[PDB]
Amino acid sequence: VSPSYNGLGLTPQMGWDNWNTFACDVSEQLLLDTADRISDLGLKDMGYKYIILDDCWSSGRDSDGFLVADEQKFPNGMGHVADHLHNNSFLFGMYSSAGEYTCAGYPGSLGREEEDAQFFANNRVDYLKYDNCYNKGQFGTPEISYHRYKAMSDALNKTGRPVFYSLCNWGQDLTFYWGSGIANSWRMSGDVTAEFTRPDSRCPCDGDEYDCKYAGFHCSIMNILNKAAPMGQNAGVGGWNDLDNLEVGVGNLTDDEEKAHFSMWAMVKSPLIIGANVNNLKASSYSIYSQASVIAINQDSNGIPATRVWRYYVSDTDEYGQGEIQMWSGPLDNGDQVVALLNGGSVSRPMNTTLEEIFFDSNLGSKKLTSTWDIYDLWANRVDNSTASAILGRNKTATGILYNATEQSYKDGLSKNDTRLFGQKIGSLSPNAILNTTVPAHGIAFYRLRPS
């Protein structure tokens, strides 16, 4: 534990980034249309408040060496986009790289940190995603990467404008060890893709290689979760591990795959940044993003990432030879416990645990192991495909259907025993007894345990 370095990131950030679905094809209009949609779907008031403009936004630098926004894409400048966002209670995120160029080859901020931070503050930006392309050999040890990322941390501080600082160096040089003192979150892997298990030659480090020398990209969901597993102990209030944008509503993930993915990102206290096109978002994916019960886990006050209790490889493997099952467990601020039974195997299987496994650091005879716990299904009462379809088609309003965190914070809701934040009680677990469930292929049993 340490205080937040800048007072921000007291819980992981939530929002949306245009990259997965728009790439370099960005504009003021795109950003504001999306923001309007995120507001109208009631997703903004669930906490998805950072509208993060990614790469390809600039056209070069002026005679003073200042970044210039592309005037075709942003005819009114960036500050004007910020103003529209702020006027609808959004926060505005922008992008650069700690290199000569950005990943798409636009002007990068390496050695230009003071001017570039100043540009972002002049344009009323609230968040910076800060990449690792073209870093001119300034990597390879913790100390060199730390000083490069600190250069922009300090420059942003110098502006006097609070900026949520999001590192994007893919875990390179053990970022989880040094991120907290200079940043609010850090990517800890190469880019995720809409694949649950698929090994990819562009992502050469497997799930056990958390200290990876070629982060790459097109890393699968499970590859990234596995990399993140040991890293929870180095995250907490003010500084989070970042498992990359959610692929919910992107590509061809099954409903089970999307539930597993959203639930596990929540449970490890990853940022929850929508990667989908919200104006081209299907019903099942929308109700995943809108599951208040799961977001409440992610937004637990004094948040602690959950711990992987066990992992076993199974003979039920998919088309790519992949198949493993995992149990995760983690404390919650009100005294409850989050439990995940994760079936990464190719077939539906029964999955089981006990209080001894769930309360993994509790001694025999402790009050946690001696007590009875009520099991709540965190996926109960999800917005059904019909209501979701109605809301997306603008025939129904999200107001009164989705939980409004702006009106009543997750903390306050949990205190008042709000049904929408706990899911449904489905039973109880006593000492000596076992919790048994059937878990779909590439799916999850996601529970909140409460003292009876």
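Note that residue numbering follows the sequence shown and begins at 1.
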Exercise for the section: Take the C-alpha B-factors listed in the entry for 99 to 107 and for 363 to 371, compute each mean, and give the stretch with the larger one. Expected result: 363 to 371
Problem - Which of 171 to 179 and 335 to 343 has higher mean CA B factor, as the PDB entry lists it - result: 335 to 343
Handout entry: Lowest, middle or highest third - CA B-factor, residue 280
Key = highest
Practice task
Please place residue 294 in the lowest, middle or highest third of its chain by C-alpha B factor as given in the entry.
Solution key: middle
Completion exercise
Sorting the chain's modelled residues by C-alpha B-factor and splitting them into thirds places residue 350 in the highest
Practice task
Ordered by C-alpha B-factor within the chain, which third holds residue 192? Give me lowest, middle or highest, please.
Solution key: lowest
Practice task
Consider only the C-alpha atoms of the modelled residues in this chain, order them by B-factor as the entry records it, and name the third containing residue 221: lowest, middle or highest.
Solution key: lowest
